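Engineer: Data file structure.pdb (PDB, C-alpha atoms and all ligand atoms) is appended below.
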```
ATOM      1  CA  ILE A   1       0.000   0.000   0.000
ATOM      2  CA  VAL A   2       1.197   3.491  -1.001
ATOM      3  CA  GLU A   3       0.545   6.487   1.251
ATOM      4  CA  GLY A   4      -1.416   4.418   3.726
ATOM      5  CA  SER A   5      -0.725   4.039   7.430
ATOM      6  CA  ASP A   6      -0.024   1.250   9.924
ATOM      7  CA  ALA A   7      -3.076  -0.844  10.769
ATOM      8  CA  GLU A   8      -4.316  -0.896  14.287
ATOM      9  CA  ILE A   9      -4.245  -4.229  16.084
ATOM     10  CA  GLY A  10      -7.344  -6.246  15.205
ATOM     11  CA  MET A  11      -8.457  -3.683  12.622
ATOM     12  CA  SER A  12      -8.676  -6.131   9.750
ATOM     13  CA  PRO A  13      -9.112  -9.592  11.333
ATOM     14  CA  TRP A  14     -10.220 -11.144   8.021
ATOM     15  CA  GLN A  15      -6.839 -10.193   6.334
ATOM     16  CA  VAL A  16      -4.925 -13.188   5.143
ATOM     17  CA  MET A  17      -1.389 -13.572   3.852
ATOM     18  CA  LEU A  18      -0.694 -16.025   1.103
ATOM     19  CA  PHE A  19       2.810 -17.188   1.839
ATOM     20  CA  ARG A  20       5.036 -19.119  -0.580
ATOM     21  CA  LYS A  21       6.870 -22.006   1.026
ATOM     22  CA  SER A  22       9.887 -22.173  -1.353
ATOM     23  CA  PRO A  23      11.281 -19.581  -1.507
ATOM     24  CA  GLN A  24       9.756 -18.057   1.701
ATOM     25  CA  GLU A  25       8.002 -14.899   0.453
ATOM     26  CA  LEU A  26       4.798 -12.902   0.363
ATOM     27  CA  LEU A  27       2.712 -14.174  -2.540
ATOM     28  CA  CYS A  28      -0.403 -12.026  -2.180
ATOM     29  CA  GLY A  29      -3.233 -10.941   0.052
ATOM     30  CA  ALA A  30      -6.546 -12.742   0.566
ATOM     31  CA  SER A  31      -9.450 -12.633   3.061
ATOM     32  CA  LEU A  32     -11.236 -14.983   5.394
ATOM     33  CA  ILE A  33     -14.928 -15.513   4.560
ATOM     34  CA  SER A  34     -15.634 -18.397   6.934
ATOM     35  CA  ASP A  35     -13.699 -20.873   9.070
ATOM     36  CA  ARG A  36     -12.637 -22.912   5.988
ATOM     37  CA  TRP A  37     -12.812 -20.578   2.989
ATOM     38  CA  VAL A  38     -10.363 -17.853   1.860
ATOM     39  CA  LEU A  39     -11.023 -15.461  -1.080
ATOM     40  CA  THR A  40      -8.241 -14.000  -3.315
ATOM     41  CA  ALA A  41      -7.474 -12.812  -6.861
ATOM     42  CA  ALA A  42      -7.076 -15.505  -9.505
ATOM     43  CA  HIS A  43      -3.873 -13.950 -10.799
ATOM     44  CA  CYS A  44      -2.149 -14.523  -7.448
ATOM     45  CA  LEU A  45      -2.327 -18.252  -8.225
ATOM     46  CA  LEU A  46      -2.485 -18.498 -12.006
ATOM     47  CA  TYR A  47      -0.942 -16.082 -14.425
ATOM     48  CA  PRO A  48       0.862 -17.584 -17.427
ATOM     49  CA  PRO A  49       2.447 -14.335 -18.631
ATOM     50  CA  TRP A  50       4.565 -14.308 -15.451
ATOM     51  CA  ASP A  51       4.798 -18.128 -15.295
ATOM     52  CA  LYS A  52       2.631 -18.157 -12.132
ATOM     53  CA  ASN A  53       0.944 -21.512 -11.639
ATOM     54  CA  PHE A  54       0.705 -22.388  -7.978
ATOM     55  CA  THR A  55      -0.548 -25.733  -6.720
ATOM     56  CA  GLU A  56      -2.061 -26.329  -3.237
ATOM     57  CA  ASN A  57       1.154 -27.574  -1.749
ATOM     58  CA  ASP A  58       3.191 -24.502  -2.842
ATOM     59  CA  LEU A  59       1.432 -22.134  -0.398
ATOM     60  CA  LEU A  60       0.266 -21.559   3.159
ATOM     61  CA  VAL A  61      -2.397 -19.245   4.429
ATOM     62  CA  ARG A  62      -1.367 -17.062   7.418
ATOM     63  CA  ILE A  63      -4.236 -15.520   9.327
ATOM     64  CA  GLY A  64      -4.377 -13.029  12.210
ATOM     65  CA  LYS A  65      -1.074 -11.384  11.241
ATOM     66  CA  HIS A  66       0.125  -7.834  11.786
ATOM     67  CA  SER A  67       3.859  -7.911  11.356
ATOM     68  CA  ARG A  68       4.898  -8.679   7.723
ATOM     69  CA  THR A  69       7.887 -10.919   8.529
ATOM     70  CA  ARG A  70       7.713 -12.194  12.136
ATOM     71  CA  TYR A  71       6.206 -15.510  13.074
ATOM     72  CA  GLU A  72       3.451 -14.148  15.370
ATOM     73  CA  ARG A  73       3.340 -17.078  17.844
ATOM     74  CA  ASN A  74       0.262 -17.633  19.546
ATOM     75  CA  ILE A  75      -1.558 -14.893  17.418
ATOM     76  CA  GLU A  76      -1.371 -15.894  13.784
ATOM     77  CA  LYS A  77      -2.650 -19.226  12.572
ATOM     78  CA  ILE A  78      -1.074 -20.937   9.632
ATOM     79  CA  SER A  79      -3.257 -23.221   7.463
ATOM     80  CA  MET A  80      -2.680 -25.674   4.634
ATOM     81  CA  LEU A  81      -4.724 -25.654   1.451
ATOM     82  CA  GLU A  82      -7.103 -28.483   0.604
ATOM     83  CA  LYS A  83      -8.118 -27.163  -2.755
ATOM     84  CA  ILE A  84      -7.866 -24.067  -5.064
ATOM     85  CA  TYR A  85     -10.860 -23.001  -7.254
ATOM     86  CA  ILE A  86     -10.244 -20.489  -9.977
ATOM     87  CA  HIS A  87     -13.223 -18.887 -11.795
ATOM     88  CA  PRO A  88     -13.564 -20.793 -15.104
ATOM     89  CA  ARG A  89     -14.005 -17.493 -17.074
ATOM     90  CA  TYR A  90     -11.133 -15.677 -15.407
ATOM     91  CA  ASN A  91      -9.702 -13.634 -18.361
ATOM     92  CA  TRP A  92      -5.934 -13.285 -17.797
ATOM     93  CA  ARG A  93      -5.290 -12.738 -21.439
ATOM     94  CA  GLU A  94      -7.104  -9.376 -21.873
ATOM     95  CA  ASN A  95      -8.189  -7.454 -18.792
ATOM     96  CA  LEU A  96      -8.190  -9.621 -15.654
ATOM     97  CA  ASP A  97     -12.002  -9.962 -15.832
ATOM     98  CA  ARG A  98     -13.234 -12.268 -13.076
ATOM     99  CA  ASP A  99      -9.980 -11.997 -11.153
ATOM    100  CA  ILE A 100     -11.249 -14.227  -8.316
ATOM    101  CA  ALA A 101     -10.365 -17.521  -6.684
ATOM    102  CA  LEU A 102     -11.328 -19.496  -3.585
ATOM    103  CA  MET A 103      -9.242 -21.675  -1.361
ATOM    104  CA  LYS A 104     -10.617 -24.374   0.993
ATOM    105  CA  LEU A 105      -8.404 -24.916   4.027
ATOM    106  CA  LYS A 106      -7.555 -28.450   5.220
ATOM    107  CA  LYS A 107      -8.983 -27.731   8.701
ATOM    108  CA  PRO A 108     -11.252 -25.041  10.117
ATOM    109  CA  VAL A 109      -9.453 -22.024  11.609
ATOM    110  CA  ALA A 110     -10.229 -20.991  15.246
ATOM    111  CA  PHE A 111     -11.657 -17.406  15.525
ATOM    112  CA  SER A 112     -10.077 -14.988  18.010
ATOM    113  CA  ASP A 113      -9.554 -11.318  18.679
ATOM    114  CA  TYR A 114      -7.273 -11.286  15.627
ATOM    115  CA  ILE A 115      -9.033 -13.738  13.295
ATOM    116  CA  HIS A 116     -12.700 -13.188  12.199
ATOM    117  CA  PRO A 117     -14.458 -13.407   8.858
ATOM    118  CA  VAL A 118     -15.634 -10.508   6.753
ATOM    119  CA  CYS A 119     -19.224 -10.480   5.310
ATOM    120  CA  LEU A 120     -19.990 -10.917   1.588
ATOM    121  CA  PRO A 121     -22.506  -8.448   0.175
ATOM    122  CA  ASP A 122     -25.931  -9.236  -1.151
ATOM    123  CA  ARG A 123     -27.613  -7.353  -3.997
ATOM    124  CA  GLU A 124     -29.043  -4.690  -1.722
ATOM    125  CA  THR A 125     -25.717  -4.067   0.052
ATOM    126  CA  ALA A 126     -24.033  -3.551  -3.320
ATOM    127  CA  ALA A 127     -26.770  -1.229  -4.517
ATOM    128  CA  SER A 128     -26.496   0.842  -1.322
ATOM    129  CA  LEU A 129     -22.696   1.126  -0.942
ATOM    130  CA  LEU A 130     -21.035   0.786  -4.363
ATOM    131  CA  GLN A 131     -21.613   4.449  -5.359
ATOM    132  CA  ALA A 132     -19.079   7.030  -6.701
ATOM    133  CA  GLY A 133     -17.654   9.006  -3.825
ATOM    134  CA  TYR A 134     -18.333   6.364  -1.180
ATOM    135  CA  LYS A 135     -15.034   5.270   0.433
ATOM    136  CA  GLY A 136     -13.782   1.777   1.174
ATOM    137  CA  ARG A 137     -10.701   0.443   2.732
ATOM    138  CA  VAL A 138      -7.746  -1.461   1.179
ATOM    139  CA  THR A 139      -5.285  -3.408   3.346
ATOM    140  CA  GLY A 140      -2.017  -5.258   2.714
ATOM    141  CA  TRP A 141       1.707  -5.962   3.111
ATOM    142  CA  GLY A 142       2.679  -4.926  -0.442
ATOM    143  CA  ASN A 143       5.203  -2.301  -1.383
ATOM    144  CA  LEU A 144       5.138   1.248  -0.056
ATOM    145  CA  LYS A 145       5.829   2.748  -3.503
ATOM    146  CA  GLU A 146       6.036   1.740  -7.158
ATOM    147  CA  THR A 147       9.950   1.312  -7.302
ATOM    148  CA  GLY A 155      10.214  -0.198   0.218
ATOM    149  CA  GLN A 156       8.261  -2.907   2.183
ATOM    150  CA  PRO A 157       6.238  -2.251   5.360
ATOM    151  CA  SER A 158       7.067  -3.742   8.827
ATOM    152  CA  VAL A 159       3.313  -4.047   9.640
ATOM    153  CA  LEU A 160      -0.053  -4.325   7.843
ATOM    154  CA  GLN A 161      -0.904  -1.101   5.893
ATOM    155  CA  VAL A 162      -4.338   0.576   5.475
ATOM    156  CA  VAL A 163      -5.635   3.195   3.156
ATOM    157  CA  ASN A 164      -9.213   4.511   2.563
ATOM    158  CA  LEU A 165     -10.128   5.381  -1.026
ATOM    159  CA  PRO A 166     -13.205   6.695  -2.838
ATOM    160  CA  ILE A 167     -15.035   4.685  -5.497
ATOM    161  CA  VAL A 168     -14.724   6.451  -8.862
ATOM    162  CA  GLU A 169     -17.390   7.176 -11.542
ATOM    163  CA  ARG A 170     -17.413   4.448 -14.293
ATOM    164  CA  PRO A 171     -16.664   6.804 -17.205
ATOM    165  CA  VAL A 172     -13.743   8.267 -15.306
ATOM    166  CA  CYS A 173     -12.326   4.701 -14.671
ATOM    167  CA  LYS A 174     -12.670   3.896 -18.367
ATOM    168  CA  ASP A 175     -11.022   7.105 -19.549
ATOM    169  CA  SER A 176      -7.943   6.457 -17.331
ATOM    170  CA  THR A 177      -6.831   3.315 -19.165
ATOM    171  CA  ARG A 178      -6.509   1.605 -22.565
ATOM    172  CA  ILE A 179      -7.742  -1.711 -21.019
ATOM    173  CA  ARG A 180     -11.384  -2.789 -21.482
ATOM    174  CA  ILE A 181     -13.192  -2.388 -18.122
ATOM    175  CA  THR A 182     -16.088  -4.812 -17.459
ATOM    176  CA  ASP A 183     -19.118  -4.707 -15.245
ATOM    177  CA  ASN A 184     -17.286  -7.216 -13.021
ATOM    178  CA  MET A 185     -14.793  -4.490 -12.051
ATOM    179  CA  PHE A 186     -14.893  -1.181 -10.274
ATOM    180  CA  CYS A 187     -12.183   1.413  -9.710
ATOM    181  CA  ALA A 188     -11.169   3.450  -6.724
ATOM    182  CA  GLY A 189      -8.637   6.175  -5.762
ATOM    183  CA  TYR A 190      -8.331   9.952  -5.578
ATOM    184  CA  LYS A 191      -8.195  12.329  -8.562
ATOM    185  CA  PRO A 192      -5.190  14.567  -9.133
ATOM    186  CA  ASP A 193      -6.752  17.735  -7.764
ATOM    187  CA  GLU A 194      -7.959  16.175  -4.527
ATOM    188  CA  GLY A 195      -5.055  16.718  -2.077
ATOM    189  CA  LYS A 196      -5.063  13.090  -0.809
ATOM    190  CA  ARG A 197      -3.639  10.045  -2.563
ATOM    191  CA  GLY A 198      -3.012   6.303  -2.016
ATOM    192  CA  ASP A 199      -3.128   2.982  -3.782
ATOM    193  CA  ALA A 200      -2.373  -0.661  -3.557
ATOM    194  CA  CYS A 201       0.956  -1.903  -4.824
ATOM    195  CA  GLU A 202       2.921  -5.171  -5.614
ATOM    196  CA  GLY A 203       2.047  -7.772  -3.006
ATOM    197  CA  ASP A 204      -1.483  -6.286  -2.191
ATOM    198  CA  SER A 205      -3.304  -8.151  -4.957
ATOM    199  CA  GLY A 206      -6.027 -10.500  -3.789
ATOM    200  CA  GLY A 207      -6.616  -8.539  -0.556
ATOM    201  CA  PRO A 208      -9.948  -6.933   0.401
ATOM    202  CA  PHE A 209     -11.660  -3.628  -0.424
ATOM    203  CA  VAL A 210     -14.071  -3.257   2.480
ATOM    204  CA  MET A 211     -16.883  -0.921   3.439
ATOM    205  CA  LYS A 212     -18.733  -0.526   6.765
ATOM    206  CA  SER A 213     -22.439  -0.691   6.337
ATOM    207  CA  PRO A 214     -24.097   2.252   8.101
ATOM    208  CA  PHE A 215     -27.387   0.225   8.295
ATOM    209  CA  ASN A 216     -26.098  -2.774  10.285
ATOM    210  CA  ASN A 217     -22.573  -1.710  11.361
ATOM    211  CA  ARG A 218     -20.891  -4.714   9.734
ATOM    212  CA  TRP A 219     -17.934  -4.817   7.398
ATOM    213  CA  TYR A 220     -18.538  -6.090   3.859
ATOM    214  CA  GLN A 221     -15.939  -7.095   1.311
ATOM    215  CA  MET A 222     -17.083  -5.194  -1.828
ATOM    216  CA  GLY A 223     -13.825  -5.730  -3.814
ATOM    217  CA  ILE A 224     -10.721  -7.752  -4.408
ATOM    218  CA  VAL A 225      -7.457  -5.910  -5.099
ATOM    219  CA  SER A 226      -6.809  -6.764  -8.776
ATOM    220  CA  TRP A 227      -4.684  -4.341 -10.779
ATOM    221  CA  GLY A 228      -3.281  -0.887 -11.519
ATOM    222  CA  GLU A 229      -0.974   0.731 -14.024
ATOM    223  CA  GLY A 230       1.911   1.172 -11.650
ATOM    224  CA  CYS A 231       0.996   2.331  -8.120
ATOM    225  CA  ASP A 232      -0.444   5.627  -6.948
ATOM    226  CA  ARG A 233       0.199   7.462 -10.222
ATOM    227  CA  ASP A 234      -1.649  10.746 -10.838
ATOM    228  CA  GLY A 235      -4.514  10.074 -13.265
ATOM    229  CA  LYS A 236      -4.622   6.303 -12.695
ATOM    230  CA  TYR A 237      -6.853   4.264 -10.422
ATOM    231  CA  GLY A 238      -6.982   0.769  -8.861
ATOM    232  CA  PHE A 239      -9.225  -1.887 -10.428
ATOM    233  CA  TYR A 240     -11.045  -4.193  -8.063
ATOM    234  CA  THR A 241     -13.033  -7.395  -8.686
ATOM    235  CA  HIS A 242     -16.745  -6.692  -7.914
ATOM    236  CA  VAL A 243     -17.538  -9.337  -5.337
ATOM    237  CA  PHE A 244     -21.276  -9.081  -5.477
ATOM    238  CA  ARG A 245     -21.285  -9.648  -9.269
ATOM    239  CA  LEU A 246     -19.320 -12.935  -8.836
ATOM    240  CA  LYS A 247     -21.283 -14.112  -5.767
ATOM    241  CA  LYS A 248     -23.350 -16.616  -7.766
ATOM    242  CA  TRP A 249     -20.063 -18.330  -8.525
ATOM    243  CA  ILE A 250     -18.824 -18.065  -4.900
ATOM    244  CA  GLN A 251     -22.073 -19.624  -3.584
ATOM    245  CA  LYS A 252     -21.895 -22.384  -6.172
ATOM    246  CA  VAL A 253     -18.330 -23.407  -5.216
ATOM    247  CA  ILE A 254     -19.081 -23.342  -1.526
ATOM    248  CA  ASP A 255     -22.444 -25.190  -1.960
ATOM    249  CA  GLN A 256     -20.834 -27.872  -4.119
ATOM    250  CA  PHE A 257     -17.674 -28.444  -2.038
TER     251      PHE A 257
ATOM    252  CA  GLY B   1      15.113 -14.891   4.409
ATOM    253  CA  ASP B   2      13.458 -11.574   5.368
ATOM    254  CA  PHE B   3      10.914 -13.853   6.861
ATOM    255  CA  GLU B   4      11.178 -15.456  10.215
ATOM    256  CA  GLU B   5      11.197 -19.262  10.216
ATOM    257  CA  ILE B   6       7.779 -20.918  10.628
ATOM    258  CA  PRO B   7       7.498 -24.072  12.800
ATOM    259  CA  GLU B   8       8.350 -27.350  10.936
ATOM    260  CA  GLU B   9       4.804 -28.758  11.405
ATOM    261  CA  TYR B  10       3.397 -26.286   8.858
ATOM    262  CA  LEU B  11       5.859 -27.329   6.157
TER     263      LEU B  11
ATOM    264  CA  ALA C   7     -24.126 -14.667  11.598
ATOM    265  CA  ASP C   8     -21.241 -12.867  13.311
ATOM    266  CA  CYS C   9     -19.416 -11.759  10.058
ATOM    267  CA  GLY C  10     -17.518  -8.872  10.101
ATOM    268  CA  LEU C  11     -18.074  -7.538  13.530
ATOM    269  CA  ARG C  12     -14.536  -7.164  14.839
ATOM    270  CA  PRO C  13     -13.772  -8.490  18.291
ATOM    271  CA  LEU C  14     -11.586  -5.448  19.202
ATOM    272  CA  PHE C  15     -13.880  -2.863  17.621
ATOM    273  CA  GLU C  16     -17.636  -3.304  16.991
ATOM    274  CA  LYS C  17     -17.840  -6.057  19.661
ATOM    275  CA  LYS C  18     -16.643  -3.518  22.301
ATOM    276  CA  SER C  19     -18.200  -0.409  20.719
ATOM    277  CA  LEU C  20     -14.756   1.100  20.037
ATOM    278  CA  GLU C  21     -14.096   2.854  16.652
ATOM    279  CA  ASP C  22     -10.868   2.582  14.730
ATOM    280  CA  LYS C  23      -9.132   5.850  13.794
ATOM    281  CA  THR C  24     -10.468   6.317  10.243
ATOM    282  CA  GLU C  25     -13.801   4.448   9.984
ATOM    283  CA  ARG C  26     -15.537   7.830  10.523
ATOM    284  CA  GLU C  27     -14.008   9.005   7.178
ATOM    285  CA  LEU C  28     -15.839   6.097   5.528
ATOM    286  CA  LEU C  29     -19.133   6.930   7.313
ATOM    287  CA  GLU C  30     -18.941  10.626   6.346
ATOM    288  CA  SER C  31     -18.616   9.594   2.700
ATOM    289  CA  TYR C  32     -21.914   7.577   2.824
ATOM    290  CA  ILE C  33     -24.720  10.023   1.857
TER     291      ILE C  33
HETATM  292  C1  LIG A 301      -1.549  -1.821 -17.014
HETATM  293  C2  LIG A 301      -2.063  -2.922 -17.973
HETATM  294  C3  LIG A 301      -1.363  -4.304 -17.870
HETATM  295  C4  LIG A 301      -2.105  -5.215 -18.862
HETATM  296  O1  LIG A 301      -3.479  -5.401 -18.486
HETATM  297  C5  LIG A 301      -3.766  -5.940 -17.228
HETATM  298  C6  LIG A 301      -5.317  -5.882 -17.033
HETATM  299  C7  LIG A 301      -3.260  -7.372 -17.137
HETATM  300  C8  LIG A 301      -3.610  -8.310 -18.303
HETATM  301  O2  LIG A 301      -3.321  -9.664 -17.832
HETATM  302  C9  LIG A 301      -3.006  -5.145 -16.129
HETATM  303  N1  LIG A 301      -1.570  -4.824 -16.501
HETATM  304  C10 LIG A 301      -0.569  -4.816 -15.607
HETATM  305  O3  LIG A 301       0.531  -4.396 -15.927
HETATM  306  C11 LIG A 301      -0.789  -5.402 -14.203
HETATM  307  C12 LIG A 301      -1.070  -6.763 -14.049
HETATM  308  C13 LIG A 301      -1.314  -7.299 -12.758
HETATM  309  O4  LIG A 301      -1.525  -8.669 -12.557
HETATM  310  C14 LIG A 301      -1.442  -9.530 -13.696
HETATM  311  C15 LIG A 301      -1.259  -6.468 -11.640
HETATM  312  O5  LIG A 301      -1.494  -6.718 -10.282
HETATM  313  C16 LIG A 301      -1.322  -5.529  -9.728
HETATM  314  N2  LIG A 301      -1.497  -5.416  -8.461
HETATM  315  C17 LIG A 301      -1.098  -4.202  -7.786
HETATM  316  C18 LIG A 301      -1.139  -4.566  -6.303
HETATM  317  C19 LIG A 301      -2.121  -3.057  -7.845
HETATM  318  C20 LIG A 301      -1.588  -1.781  -7.964
HETATM  319  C21 LIG A 301      -2.478  -0.727  -7.906
HETATM  320  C22 LIG A 301      -3.854  -0.939  -7.785
HETATM  321  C23 LIG A 301      -4.357  -2.223  -7.715
HETATM  322 CL1  LIG A 301      -6.052  -2.416  -7.479
HETATM  323  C24 LIG A 301      -3.463  -3.291  -7.706
HETATM  324  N3  LIG A 301      -1.064  -4.545 -10.605
HETATM  325  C25 LIG A 301      -1.016  -5.113 -11.800
HETATM  326  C26 LIG A 301      -0.793  -4.577 -13.083
HETATM  327  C1  LIG A 302      -0.809 -25.490 -14.120
HETATM  328  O1  LIG A 302      -0.405 -26.726 -13.488
HETATM  329  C2  LIG A 302      -1.354 -27.820 -13.578
HETATM  330  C3  LIG A 302      -0.857 -29.031 -12.803
HETATM  331  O2  LIG A 302       0.118 -28.591 -11.854
HETATM  332  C4  LIG A 302      -1.619 -28.189 -15.042
HETATM  333  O3  LIG A 302      -2.571 -29.271 -15.207
HETATM  334  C5  LIG A 302      -2.107 -26.913 -15.725
HETATM  335  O4  LIG A 302      -2.419 -27.234 -17.082
HETATM  336  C6  LIG A 302      -1.015 -25.839 -15.589
HETATM  337  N1  LIG A 302      -1.254 -24.645 -16.388
HETATM  338  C7  LIG A 302      -0.271 -23.929 -16.988
HETATM  339  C8  LIG A 302       1.200 -24.325 -16.871
HETATM  340  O5  LIG A 302      -0.585 -22.940 -17.641
END
```
As structure tokens - that is how I would like this structure written.
Structural biologist:
Amino acid sequence: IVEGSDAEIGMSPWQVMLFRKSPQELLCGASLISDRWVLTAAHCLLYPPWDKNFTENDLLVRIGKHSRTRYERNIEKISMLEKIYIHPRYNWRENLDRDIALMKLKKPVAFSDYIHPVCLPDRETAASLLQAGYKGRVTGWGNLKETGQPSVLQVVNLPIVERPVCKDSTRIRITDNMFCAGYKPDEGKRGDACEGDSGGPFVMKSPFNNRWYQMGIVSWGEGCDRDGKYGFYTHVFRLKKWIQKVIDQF
Amino acid sequence: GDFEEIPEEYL
Amino acid sequence: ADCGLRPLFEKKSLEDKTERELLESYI
């Protein structure tokens, strides 16, 4: 995250780190949606242009973390993957449409002060909150700028941007399964995700029921925090049919 | 490794 | 049923430092 700040303890207890075993590194962000299911961006796991093709056994899920690099004994919980499910119409070739994947954990994770699932929106939540100007929150352990790495989990709040403005910022084809967020050049505030933040959550706090909802998945940007560019997020509600289907089936 | 070693059980 | 009500925040009626910026954006 660029131009964000250190997370408070327990602020984002659904944040998950995808951690590569060999070599030991940050692969991506993700989020906890129940005691056995973790949501992330497809391209964190599968992306042929960068020769990314991770199998279950290549990765661990680390939950309840705050520090980027420390083993947070008896705070974080580390889980093994049972199975990865990538959206079958994930479009890596063109625009990262349907940049979404699920992971089932081998065993259920115990909830705690530091570990707690985020809510998934329903149609009405999306209609209410996913409006230009409305701010959400993006969290992660990715880089502090485009070209270094934080000691602890980083947060930034960012406004959803008008669809035409998103489109006019990029040469890439933007779909209805994506939204964009970030400040405009004039605004006097800035901030973005950056390398290592992909797959993490864009969350909003419902003012109707005081619960946090994951409205987006960190997907892509042209660089990080550049004037005139925005972040593109997977629209969770639009892919919820798919989410429900994977979880109902498996 | 920038990362602290994880217990052996997880690997 | 308990999704995302944070044990150290909503569960104790404490607010984090910037959630009010989110609220003030919701018209
Ligand atoms: C700028 C256009 C090119 C061709 O088109 C596209 C859609 C990829 C096509 O596969 C995106 N792309 C890329 O260079 C690219 C690709 C990515 O994963 C394959 C990326 O993942 C990220 N993640 C970082 C964290 C980020 C930074 C700022 C905001 C947000 Cl929301 C996310 N940035 C990427 C940029
Ligand atoms: C990714 O790996 C799996 C098995 O590990 C393979 O079946 C799949 O076709 C691979 N895709 C690639 C290399 O694009």
Engineer: Any idea what the distance is between CA of residue 129 (chain A) and atom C15 of ligand LIG 301 (chain A)?
Structural biologist: 25.1 Å
Engineer: Tell me, counting only C-alpha atoms and all ligand atoms, for each residue of chain A within 9 Å of ligand LIG 302 (chain A), which pair of atoms is nearest and how far apart they are in Å to one decimal, in rows ordered by chain and increasing number, as a tab-separated table.
Structural biologist:
```
residue	atom	partner	partner_atom	distance
A:46	CA	A:LIG302	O5	7.4
A:47	CA	A:LIG302	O5	7.6
A:48	CA	A:LIG302	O5	5.6
A:51	CA	A:LIG302	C8	7.3
A:52	CA	A:LIG302	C8	7.9
A:53	CA	A:LIG302	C1	5.0
A:54	CA	A:LIG302	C1	7.0
A:55	CA	A:LIG302	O2	5.9
```
Engineer: Would you mind listing the residues within 8 Å of ligand LIG 301 (chain A), counting only C-alpha atoms and all ligand atoms, as a PyMOL selection string?
Structural biologist: chain A and resi 1+43-44+47+49-50+91-97+142+177-179+187-188+199-205+224-232+237-240
Engineer: Run the PyMOL selection byres ((chain A and not hetatm) within 6 of (chain B)) mentally over the shown coordinates, then write out the matched residues as a list in words, using the chain letters and numbers from the document.
Structural biologist: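 The output of the PyMOL selection byres ((chain A and not hetatm) within 6 of (chain B)) on this file is residues 69, 70 and 71 of chain A.
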Engineer: Go ahead and dump the residues you just picked, C-alpha atoms, as an mmCIF file, keeping the file's coordinate frame.
Structural biologist:
```cif
data_model
loop_
_atom_site.group_PDB
_atom_site.id
_atom_site.type_symbol
_atom_site.label_atom_id
_atom_site.label_comp_id
_atom_site.auth_asym_id
_atom_site.auth_seq_id
_atom_site.Cartn_x
_atom_site.Cartn_y
_atom_site.Cartn_z
ATOM 1 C CA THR A 69 7.887 -10.919 8.529
ATOM 2 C CA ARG A 70 7.713 -12.194 12.136
ATOM 3 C CA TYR A 71 6.206 -15.510 13.074
#
```
Engineer: Would you write out, as a VMD selection string, every residue that the PyMOL selection byres ((chain A and not hetatm) within 8 of (chain C)) captures in this file?
Structural biologist: chain A and resid 8 10 to 14 112 to 114 116 to 119 129 133 to 136 164 211 to 212 214 217 to 220
Engineer: Can you work out the spacing between CA of residue 210 (chain A) and CA of residue 39 (chain A) in Å, to one decimal?
Structural biologist: 13.1 Å
Engineer: What is the CA of residue 101 (chain A) to CA of residue 57 (chain A) distance in Å?
Structural biologist: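 Computed distance, CA of residue 101 (chain A) to CA of residue 57 (chain A), equals 16.1 Å.
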Engineer: From the set A:128, A:143, A:176, A:31, which residue has the shortest atom-to-atom contact distance to residue 223 (chain A), counting only C-alpha atoms?
Structural biologist: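 Closest to residue 223 (chain A), using only C-alpha atoms: A:31.
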Engineer: Report the residues retrieved by the PyMOL selection byres (((chain A and resi 6) around 8) and not hetatm) from the displayed file, expressed as a PDB file with C-alpha atoms, in the frame of the given file.
Structural biologist:
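Listing of result33.pdb after writing:
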```pdb
ATOM      1  CA  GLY A   4      -1.416   4.418   3.726  1.00  0.00           C
ATOM      2  CA  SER A   5      -0.725   4.039   7.430  1.00  0.00           C
ATOM      3  CA  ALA A   7      -3.076  -0.844  10.769  1.00  0.00           C
ATOM      4  CA  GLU A   8      -4.316  -0.896  14.287  1.00  0.00           C
ATOM      5  CA  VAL A 159       3.313  -4.047   9.640  1.00  0.00           C
ATOM      6  CA  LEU A 160      -0.053  -4.325   7.843  1.00  0.00           C
ATOM      7  CA  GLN A 161      -0.904  -1.101   5.893  1.00  0.00           C
ATOM      8  CA  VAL A 162      -4.338   0.576   5.475  1.00  0.00           C
TER       9      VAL A 162
END
```
Engineer: Draw an axis-aligned box tight on the listed atoms of region 237-255 of chain A, then pad every side by 6 Å and write out centre and edge lengths in Å to one decimal as JSON.
Structural biologist:
```
{"center_x": -15.1, "center_y": -10.5, "center_z": -6.0, "size_x": 28.5, "size_y": 41.5, "size_z": 20.9}
```
